[PDB]
Amino acid sequence: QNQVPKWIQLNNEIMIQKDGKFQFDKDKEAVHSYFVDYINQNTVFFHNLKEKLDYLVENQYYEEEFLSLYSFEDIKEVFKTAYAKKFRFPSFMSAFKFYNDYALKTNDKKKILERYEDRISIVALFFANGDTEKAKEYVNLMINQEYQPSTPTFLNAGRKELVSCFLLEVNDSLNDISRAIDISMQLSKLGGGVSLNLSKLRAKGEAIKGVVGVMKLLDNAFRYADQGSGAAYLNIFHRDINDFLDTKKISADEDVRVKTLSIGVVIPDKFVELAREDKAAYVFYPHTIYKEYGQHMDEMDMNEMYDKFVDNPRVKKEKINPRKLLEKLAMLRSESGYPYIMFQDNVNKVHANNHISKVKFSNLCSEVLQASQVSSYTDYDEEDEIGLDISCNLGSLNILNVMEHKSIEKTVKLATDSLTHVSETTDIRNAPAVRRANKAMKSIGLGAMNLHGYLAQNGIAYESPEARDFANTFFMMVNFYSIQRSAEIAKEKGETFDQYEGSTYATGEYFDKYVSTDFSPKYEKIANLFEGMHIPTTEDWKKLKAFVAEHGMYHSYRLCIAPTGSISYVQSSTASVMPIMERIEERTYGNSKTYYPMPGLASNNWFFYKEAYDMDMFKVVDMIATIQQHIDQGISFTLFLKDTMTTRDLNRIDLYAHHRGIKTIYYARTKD
Amino acid sequence: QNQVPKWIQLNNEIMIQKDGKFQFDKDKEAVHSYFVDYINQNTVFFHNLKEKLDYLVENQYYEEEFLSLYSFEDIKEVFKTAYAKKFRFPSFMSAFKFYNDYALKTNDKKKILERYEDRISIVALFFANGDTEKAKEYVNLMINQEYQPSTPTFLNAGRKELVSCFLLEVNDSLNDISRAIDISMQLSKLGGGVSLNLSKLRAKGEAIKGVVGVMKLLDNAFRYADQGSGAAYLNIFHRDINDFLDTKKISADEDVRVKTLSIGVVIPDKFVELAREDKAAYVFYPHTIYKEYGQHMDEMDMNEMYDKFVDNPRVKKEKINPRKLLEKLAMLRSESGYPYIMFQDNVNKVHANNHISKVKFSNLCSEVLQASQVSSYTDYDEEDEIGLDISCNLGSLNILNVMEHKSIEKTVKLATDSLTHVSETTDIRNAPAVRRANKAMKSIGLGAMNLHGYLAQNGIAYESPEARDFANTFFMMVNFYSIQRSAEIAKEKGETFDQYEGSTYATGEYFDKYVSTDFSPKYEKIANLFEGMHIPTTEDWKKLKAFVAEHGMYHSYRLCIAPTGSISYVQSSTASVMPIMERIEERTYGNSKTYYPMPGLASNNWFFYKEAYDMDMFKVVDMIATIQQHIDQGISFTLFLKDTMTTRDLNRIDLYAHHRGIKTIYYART
Ligand SMILES: Nc1ncnc2c1ncn2[C@H]1C[C@H](O)[C@@H](COP(=O)(O)O)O1
Ligand SMILES: Nc1ncnc2c1ncn2[C@H]1C[C@H](O)[C@@H](COP(=O)(O)O)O1
């Protein structure tokens, strides 16, 4: 009679509050209704697991070979390990987000083929590659919700290329731009994220015998393929910087604006210096530097060479006010959310592989921060000079379940092992710089989520010195055991990342802080949270230094924290290490609406679940800064602002971030 | 007697772990056992040096002449200089490879007649030619292991021909092919490699089987072993190029097949230009060019004449795809390791003696790059026109020990002196062109070894710019003092190689590069390695230029880097200027096995001893090209491939070598 489903009615009854409190009981009833009145009524029937796999293999849903490395007797034991837990989703959105987005369905995209246990088992069977007892550990890791592989790895593993997130580097030429566009199409379909570095390209007004032209070509190309979006990064000292920023003006033109492309700005310390002392700034025509000095502008140190570019008459320049350009960033970040900011020297001052290259730019989510070398694609393909692009596959720890299971070591190592397997199984063909990077650099991206949810459920405010003290110790341990496993893999395989000999891991310069100072918790309240787990001391780090020195390291880069917008719902976690935007999330379902309380929200902890826009973003910067200490790549840092804040107030946040050693700044969220 | 001997049991304990580390200490015990429990119990007794030398001269072991130039008091002092060093082999394979393969033994191959000190003393007394104080200098040079003469020179010096690298021209005639096989077998008997140039021979179609006929006929003679190997080179603009390449195939048709003979392909820039712009290419019939134009094909210049050959209707041709033919060369090197590529214009752009001839081919090991003129052997002996073939006696210096002792001048000077004495003493009887060229050209091949061993032990990666910076400054200094010694010998002897007056040394074009552009080390880390010895400035080269112009030059060619395989074990050195293959080398002894950690390998320097297969081959090409700047002949350059590389990837590497000025690329290992 009534069209609104019973599970939606029960979900909405959370808000119809009685006593003087919201009915958090009703979401457990709502999810139960979702299963018995819908999900279980739309699951394809099979007699047993034998019939189920044979159906999916023979009808081209699942891949052929990864299953054949196990006997069926062991496959049943692995699947049985997943179902043994009797995992239950605590909320409607948890079950909905999995069964709507992640669970395998029929070709007539209606009926459900995979349960939550079947997905995890298949993914576990893909990672282990024949080791049946390893798959059992991967099942226990993923079903206890200690580890969560990223959207592309978790969705596609086992089916009929897992690594999303690529970063290309374009050289100044038509062959290079045309290939960079063609390679972006191949990597758009394969997963999603493509991020181009346009700092090498020549400015508008330099002839051949600007960068917006390439950004429009990219935007049109990404739109042609209906399929993840792309992005473009540019150095602030580039001439077209203004035209680049004007592509995300709210009052822009139809042809100059880009819809698909996100934009990032790379800011060296020299630009902040000029702003502090109120001097004028000069933006450069990079090809005039190339002809003069031999090297690209983007490859040279601006803190040494800026003055020399100014005094040289052979280099073409453009006078600008840096303080006014910083205001323009803040204006656009308020208006549109873009651009992303990268503080180049805050990345490179703590960077291990500067000898390979300086980190010049970042990816779609401002998280991946690695070295890279430009390619040179010619008419005769056999005369190409292939360089180093960046490709990185992702995954996230669950801070809450890792702490309670006391599995901070094991969860890092299995995650690192699974990420290494995804890296090993990757086969890229039409992107030789991306293929060479995967072989040589062997990069992975182990992040984390559920930081607020953990802190809020233990009565610890996100922006207090307690919360920051916990994160200091927690993420130190993540870095310790990640490095330890990287060396253990390098011993077991006898392989290291290309030019390991030159890195700060090899020279020992990386370990100086961990050898000298002690990162165990100051507050006694937080020391007790790690009870039952050995916190590494300085003496342990000295041994880990010597172990790395002798056996090398397999991974060039290891840790990076992603935004994790969607998979966080599957895990019942607060998204990433960020604070929470809303206590209750009202979202449209389909003419009805759904309400989602944050995980573990109650009258006990209502004020520990403080909304992000109400926080002091200076103290939020302090949290990311203390976490950044023990993450060798970047952290996707969303700023949460109010409509009342001036462009003066935003510059003060952005420059405090730079002052505190923040590597990257993501999307700027603003609220009424 | 029938168990595993103690020295091997100790050697095998290197692979047994202690605290997660190898036992590199155990190999020093393995040598000491090898000496006490074998070598010292299988040396022949002589009471003194006089009775030893008398017995060895009397029983036809040593030669009579070279010893008679000294008095016995002098010979006693020269031997006594060798034993004064107290030289101790550090690893098992160093001592073993010497005493097993080099040290003189009794006629039944059992008991040892020479210690390491005895071998060096005889070689030093041979080289010095009566100068007793120079004999003492040679003993020190070889026993401090600053210099190592080549296998054939080091093994045979002062016993019952020392040169064992030959390159022969072959003219377009059956009668010339008869002597080509005749000479090849005469020179192959003594142990030397013999390379042939088959580019002048007429292709199949032209009447009188082709170049394959000569290779197959030559291969059968070589295959009759009861003595050294053989090779064959062919120009890429010759119609039989594809039949020539088909001999070394995976699915080789037994009629058109070659077991023993190594193969090389000579590639001018004009062929690479045709592949780049993607025009269809024309390979030629050579005897049609000879009749129409009056000269042999590979003597003429392909950059000038390619368009003229295609426009000429009388000259016969055959159209092929150049882009696919480079992919064929890459496929075959991935399969078999052959052919060798010689980038001809990368040789002849820097070649001094073009006026004699352009360099048309190379030797067995793709390193000797010299001028050559074809001979004409006929039915009447007195109407034979004896041309210029190539021989080259070899040697190479130790990069590690030269730098430690700071003897980069003294070693290059003396090594050049020792090679000159072998060059002088050579008496080739049944190869008239090889004899004539030895007298005329007077060329030598001073190389180098232990490059990686040196770099790795000073914390410098092989692929780094720091390494290239060392190589640039090091091999410049070698070339400086080698040219200086050649001019010094030219003044002392009062002699010069035939047509020196026409060379770029005489005209002064050779020194253009060095009179400008200072070749000191850029990096200060590298500059501190040469501390204590003088790095030649541009002004020093300007003075050398004039000294060469006044007094001339004795040697036609002076420097080539050979792939030092067997003798590098004796020196405790990494082979050649190449990178290392295996960190620890496992080889079968005889149902047991032996282990050789690369010399100076330790727990701490492990990652500087990178295995060559793991390296970026583009960065290795840059290292070889850096050295090639200062070596007037070629460098034996093995490319180290993994099986995951496509023909797409290997074709990209071979063209990059061409692009960086590489002269020759050798066997491809996997
Ligand atoms: N909350 C929740 N999460 C996951 N799966 C669920 C849930 N509620 C029911 N179910 C599914 C799982 C089992 O197949 C069955 C058990 O129902 P029951 O009567 O609830 O034990 O229904
Ligand atoms: N490594 C090595 N090389 C050459 N000869 C050796 C070596 N080890 C032992 N010996 C021989 C040489 C002498 O006859 C004696 C000296 O032993 P010593 O203990 O070495 O003083 O042992």
# chains A, B, ... in the order shown; residues from 1 in each chain; ligands from 1
>>> interface_residues(of="chain A", to="chain B", cutoff="9 Å", atoms="only C-alpha atoms", output="VMD selection string")
chain A and resid 379 to 385 498 to 502 549 to 552
>>> residues_near_ligand(ligand="ligand 1", cutoff="10 Å", atoms="only C-alpha atoms and all ligand atoms", output="ChimeraX atom specification")
/A:27-37,39-40,83,86-92,94-95,115-117
>>> residues_around(residues="residue 358 (chain A)", least_positions_apart="3", cutoff="7 Å", atoms="only C-alpha atoms", output="PyMOL selection string")
chain A and resi 348+354+371
>>> closest_atom_pairs(of="chain B", to="ligand 2", cutoff="8 Å", atoms="only C-alpha atoms and all ligand atoms", output="tab-separated table")
residue	atom	partner	partner_atom_place_in_ligand_line	distance
B:28	CA	ligand 2	1 (N)	7.1
B:31	CA	ligand 2	1 (N)	5.4
B:32	CA	ligand 2	8 (N)	4.2
B:33	CA	ligand 2	8 (N)	7.6
B:34	CA	ligand 2	8 (N)	7.9
B:35	CA	ligand 2	10 (N)	5.2
B:36	CA	ligand 2	22 (O)	6.1
B:40	CA	ligand 2	14 (O)	6.4
B:87	CA	ligand 2	4 (C)	6.3
B:88	CA	ligand 2	3 (N)	3.5
B:89	CA	ligand 2	1 (N)	4.1
B:90	CA	ligand 2	1 (N)	5.6
B:91	CA	ligand 2	1 (N)	7.4
B:95	CA	ligand 2	3 (N)	6.7
>>> write_last_selection(atoms="C-alpha atoms", output="PDB file, in the first residue's frame")
ATOM      1  CA  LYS B  28      91.074 -17.376   2.671  1.00  0.00           C
ATOM      2  CA  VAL B  31      93.363 -21.062  -0.588  1.00  0.00           C
ATOM      3  CA  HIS B  32      95.698 -21.885   2.313  1.00  0.00           C
ATOM      4  CA  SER B  33      94.489 -25.516   2.169  1.00  0.00           C
ATOM      5  CA  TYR B  34      94.900 -25.580  -1.645  1.00  0.00           C
ATOM      6  CA  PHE B  35      98.559 -24.558  -1.185  1.00  0.00           C
ATOM      7  CA  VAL B  36      99.513 -26.673   1.864  1.00  0.00           C
ATOM      8  CA  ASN B  40     103.238 -27.326  -2.223  1.00  0.00           C
ATOM      9  CA  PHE B  87     102.365 -12.171  -3.077  1.00  0.00           C
ATOM     10  CA  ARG B  88      99.406 -14.106  -1.644  1.00  0.00           C
ATOM     11  CA  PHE B  89      96.305 -14.965  -3.702  1.00  0.00           C
ATOM     12  CA  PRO B  90      93.214 -13.769  -1.747  1.00  0.00           C
ATOM     13  CA  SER B  91      90.572 -16.162  -3.199  1.00  0.00           C
ATOM     14  CA  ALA B  95      95.230 -19.294  -7.173  1.00  0.00           C
TER      15      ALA B  95
END
>>> closest_residue(among="B:268, B:149, B:158, B:579", to="residue 125 (chain B)", atoms="only C-alpha atoms")
B:158
>>> select_by_dssp(residues="region 390-437 of chain B", states="strand (DSSP E or B)", output="PyMOL selection string")
chain B and resi 390-391+394-398
>>> closest_residue(among="B:325, B:365, B:300, B:408", to="residue 476 (chain B)", atoms="only C-alpha atoms")
B:408
>>> residues_around(residues="residue 647 (chain A)", least_positions_apart="3", cutoff="10 Å", atoms="only C-alpha atoms", output="list in words")
residues 326, 327, 328, 329, 330, 331, 332, 333, 334, 644, 650, 651, 652 and 653 of chain A
>>> write_last_selection(atoms="N, CA and C atoms", output="CSV table (one decimal), in the first residue's frame")
chain,number,residue,atom,x,y,z
A,326,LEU,N,48.2,34.9,-4.1
A,326,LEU,CA,47.8,34.1,-3.0
A,326,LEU,C,46.3,34.3,-2.6
A,327,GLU,N,45.9,35.6,-2.6
A,327,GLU,CA,44.4,35.9,-2.4
A,327,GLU,C,43.6,35.3,-3.5
A,328,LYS,N,44.0,35.3,-4.8
A,328,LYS,CA,43.3,34.6,-5.9
A,328,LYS,C,43.1,33.1,-5.7
A,329,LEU,N,44.1,32.5,-5.1
A,329,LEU,CA,44.0,31.0,-4.8
A,329,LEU,C,42.9,30.8,-3.8
A,330,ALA,N,43.0,31.5,-2.6
A,330,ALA,CA,42.0,31.5,-1.6
A,330,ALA,C,40.6,31.8,-2.1
A,331,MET,N,40.4,32.8,-3.0
A,331,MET,CA,39.1,33.1,-3.6
A,331,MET,C,38.6,31.9,-4.4
A,332,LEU,N,39.4,31.3,-5.3
A,332,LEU,CA,39.0,30.1,-6.1
A,332,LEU,C,38.7,28.9,-5.2
A,333,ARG,N,39.5,28.7,-4.2
A,333,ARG,CA,39.3,27.6,-3.2
A,333,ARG,C,38.1,27.7,-2.4
A,334,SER,N,37.7,29.0,-2.1
A,334,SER,CA,36.4,29.3,-1.5
A,334,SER,C,35.3,29.1,-2.5
A,644,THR,N,31.4,32.6,6.6
A,644,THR,CA,31.8,33.9,7.3
A,644,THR,C,33.3,34.3,7.2
A,650,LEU,N,41.5,32.7,5.1
A,650,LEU,CA,41.9,31.5,4.4
A,650,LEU,C,43.4,31.5,4.1
A,651,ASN,N,43.9,32.6,3.7
A,651,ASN,CA,45.4,32.7,3.5
A,651,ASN,C,46.2,32.4,4.8
A,652,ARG,N,45.6,32.8,6.0
A,652,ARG,CA,46.2,32.5,7.3
A,652,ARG,C,46.2,31.0,7.6
A,653,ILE,N,45.2,30.3,7.2
A,653,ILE,CA,45.1,28.8,7.3
A,653,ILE,C,46.1,28.2,6.4
>>> select_by_dssp(residues="region 219-250 of chain B", states="alpha helix (DSSP H)", output="ChimeraX atom specification")
/B:219-223,241-246
>>> write_last_selection(atoms="N, CA and C atoms", output="short mmCIF file (atom, residue, chain, number, x, y, z; two decimals), in the first residue's frame")
data_model
loop_
_atom_site.label_atom_id
_atom_site.label_comp_id
_atom_site.auth_asym_id
_atom_site.auth_seq_id
_atom_site.Cartn_x
_atom_site.Cartn_y
_atom_site.Cartn_z
N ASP B 219 83.59 -23.03 -41.64
CA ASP B 219 83.08 -23.65 -40.41
C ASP B 219 83.46 -25.13 -40.29
N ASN B 220 83.42 -25.85 -41.41
CA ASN B 220 83.80 -27.27 -41.44
C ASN B 220 85.27 -27.51 -41.10
N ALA B 221 86.14 -26.61 -41.55
CA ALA B 221 87.57 -26.68 -41.22
C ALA B 221 87.81 -26.43 -39.73
N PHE B 222 87.21 -25.36 -39.20
CA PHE B 222 87.25 -25.06 -37.76
C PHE B 222 86.68 -26.20 -36.91
N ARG B 223 85.53 -26.74 -37.33
CA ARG B 223 84.90 -27.89 -36.64
C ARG B 223 85.82 -29.12 -36.56
N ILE B 241 73.16 -10.53 -46.78
CA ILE B 241 72.92 -10.15 -45.37
C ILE B 241 71.85 -10.99 -44.67
N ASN B 242 70.76 -11.30 -45.37
CA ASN B 242 69.67 -12.07 -44.77
C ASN B 242 69.99 -13.57 -44.71
N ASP B 243 70.68 -14.09 -45.72
CA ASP B 243 71.19 -15.48 -45.69
C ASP B 243 72.31 -15.65 -44.66
N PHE B 244 73.18 -14.64 -44.58
CA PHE B 244 74.25 -14.51 -43.58
C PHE B 244 73.70 -14.58 -42.15
N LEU B 245 72.61 -13.84 -41.90
CA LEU B 245 71.94 -13.83 -40.60
C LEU B 245 71.19 -15.13 -40.28
N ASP B 246 70.68 -15.79 -41.32
CA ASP B 246 69.95 -17.06 -41.15
C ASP B 246 70.81 -18.23 -40.66
#
>>> residues_around(residues="region 429-446 of chain A", least_positions_apart="3", cutoff="7 Å", atoms="only C-alpha atoms", output="ChimeraX atom specification")
/A:183,386-396,419-420,423,497-498,554-561
>>> write_last_selection(atoms="N, CA and C atoms", output="tab-separated table (two decimals), in the first residue's frame")
chain	number	residue	atom	x	y	z
A	183	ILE	N	47.75	8.27	-23.89
A	183	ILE	CA	48.03	7.44	-22.71
A	183	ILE	C	47.01	7.70	-21.60
A	386	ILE	N	62.50	6.67	-22.76
A	386	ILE	CA	61.49	6.39	-21.74
A	386	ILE	C	62.01	6.82	-20.37
A	387	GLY	N	61.14	7.48	-19.60
A	387	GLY	CA	61.48	7.98	-18.26
A	387	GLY	C	60.73	7.25	-17.15
A	388	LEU	N	60.40	8.00	-16.10
A	388	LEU	CA	59.76	7.47	-14.90
A	388	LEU	C	58.46	8.24	-14.64
A	389	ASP	N	57.33	7.60	-14.96
A	389	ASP	CA	56.02	8.09	-14.51
A	389	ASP	C	55.76	7.50	-13.12
A	390	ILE	N	54.58	7.74	-12.56
A	390	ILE	CA	54.22	7.20	-11.24
A	390	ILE	C	52.90	6.43	-11.33
A	391	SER	N	52.90	5.23	-10.75
A	391	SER	CA	51.69	4.42	-10.56
A	391	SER	C	51.73	3.85	-9.15
A	392	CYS	N	50.60	3.93	-8.44
A	392	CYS	CA	50.53	3.50	-7.05
A	392	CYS	C	49.16	2.90	-6.71
A	393	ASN	N	49.16	1.65	-6.23
A	393	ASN	CA	47.93	0.97	-5.79
A	393	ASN	C	47.74	1.11	-4.28
A	394	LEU	N	46.48	1.23	-3.86
A	394	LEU	CA	46.13	1.75	-2.54
A	394	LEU	C	45.41	0.75	-1.63
A	395	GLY	N	45.32	1.12	-0.35
A	395	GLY	CA	44.66	0.33	0.69
A	395	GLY	C	44.80	1.01	2.04
A	396	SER	N	43.86	0.76	2.95
A	396	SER	CA	43.77	1.52	4.20
A	396	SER	C	43.57	0.64	5.44
A	419	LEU	N	49.41	-5.37	-1.21
A	419	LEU	CA	49.75	-4.26	-2.10
A	419	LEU	C	50.93	-4.61	-3.01
A	420	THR	N	51.91	-5.32	-2.47
A	420	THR	CA	53.05	-5.81	-3.25
A	420	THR	C	52.59	-6.79	-4.33
A	423	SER	N	50.95	-4.85	-7.13
A	423	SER	CA	52.08	-4.25	-7.85
A	423	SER	C	52.78	-5.26	-8.77
A	497	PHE	N	64.31	-1.65	-4.76
A	497	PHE	CA	63.86	-0.64	-5.72
A	497	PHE	C	65.08	-0.01	-6.41
A	498	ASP	N	64.87	0.45	-7.64
A	498	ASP	CA	65.96	0.92	-8.49
A	498	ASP	C	66.62	2.14	-7.87
A	554	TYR	N	62.54	-3.18	-0.78
A	554	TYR	CA	61.82	-3.51	-2.01
A	554	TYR	C	61.03	-2.32	-2.54
A	555	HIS	N	60.50	-1.52	-1.63
A	555	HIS	CA	59.60	-0.41	-1.96
A	555	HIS	C	60.30	0.94	-1.89
A	556	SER	N	60.18	1.73	-2.95
A	556	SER	CA	60.64	3.12	-2.95
A	556	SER	C	59.77	3.96	-2.01
A	557	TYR	N	58.45	3.80	-2.14
A	557	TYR	CA	57.48	4.45	-1.27
A	557	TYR	C	56.47	3.43	-0.77
A	558	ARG	N	55.89	3.72	0.39
A	558	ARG	CA	55.07	2.74	1.12
A	558	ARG	C	53.72	3.29	1.58
A	559	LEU	N	53.75	4.36	2.38
A	559	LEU	CA	52.56	4.90	3.03
A	559	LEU	C	52.02	6.15	2.34
A	560	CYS	N	50.71	6.17	2.11
A	560	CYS	CA	49.99	7.41	1.77
A	560	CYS	C	48.53	7.26	2.19
A	561	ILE	N	47.95	8.32	2.76
A	561	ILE	CA	46.55	8.32	3.20
A	561	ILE	C	45.65	8.92	2.11
>>> residues_around(residues="residue 559 (chain B)", least_positions_apart="3", cutoff="8 Å", atoms="only C-alpha atoms", output="ChimeraX atom specification")
/B:444-447,479,631-634
>>> write_last_selection(atoms="C-alpha atoms", output="tab-separated table (two decimals), in the first residue's frame")
chain	number	residue	atom	x	y	z
B	444	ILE	CA	98.98	-2.63	-30.09
B	445	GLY	CA	95.98	-3.14	-27.77
B	446	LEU	CA	96.41	-1.78	-24.24
B	447	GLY	CA	93.06	-2.24	-22.43
B	479	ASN	CA	95.29	8.12	-23.82
B	631	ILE	CA	90.01	4.68	-26.73
B	632	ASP	CA	91.13	4.92	-30.40
B	633	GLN	CA	90.01	1.35	-31.23
B	634	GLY	CA	86.89	-0.36	-29.76
>>> closest_residue(among="A:609, A:667, A:271, A:66", to="residue 322 (chain A)", atoms="only C-alpha atoms")
A:271
>>> atom_distance(atom1="CA of residue 621 (chain B)", atom2="CA of residue 465 (chain B)")
12.6 Å
>>> closest_residue(among="A:576, A:464, A:203, A:547", to="residue 491 (chain A)", atoms="only C-alpha atoms")
A:547
>>> residues_around(residues="residue 518 (chain A)", least_positions_apart="5", cutoff="10 Å", atoms="only C-alpha atoms", output="MDAnalysis selection string")
chainID A and resid 473 513 536:539 541
>>> write_last_selection(atoms="N, CA and C atoms", output="compact mmCIF listing (two decimals), in the first residue's frame")
# COMPACT_ATOMS: atom_id res chain seq x y z
N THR A 473 52.25 8.35 17.96
CA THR A 473 52.70 6.99 18.28
C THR A 473 52.15 5.95 17.30
N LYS A 513 65.99 10.87 13.12
CA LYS A 513 64.96 11.28 14.09
C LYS A 513 64.54 10.11 14.99
N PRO A 536 57.74 0.37 19.46
CA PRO A 536 59.17 0.44 19.15
C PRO A 536 59.89 1.59 19.85
N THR A 537 61.05 1.28 20.41
CA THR A 537 61.94 2.25 21.06
C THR A 537 63.05 2.69 20.10
N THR A 538 63.90 3.61 20.54
CA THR A 538 65.04 4.07 19.74
C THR A 538 65.98 2.92 19.37
N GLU A 539 66.23 2.03 20.33
CA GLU A 539 67.07 0.84 20.12
C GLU A 539 66.54 -0.10 19.02
N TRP A 541 64.65 0.94 16.41
CA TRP A 541 64.92 1.70 15.19
C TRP A 541 66.38 1.63 14.73
>>> atom_distance(atom1="CA of residue 288 (chain A)", atom2="CA of residue 314 (chain A)")
7.1 Å
>>> closest_residue(among="B:478, B:403, B:467, B:553", to="residue 496 (chain B)", atoms="only C-alpha atoms")
B:553
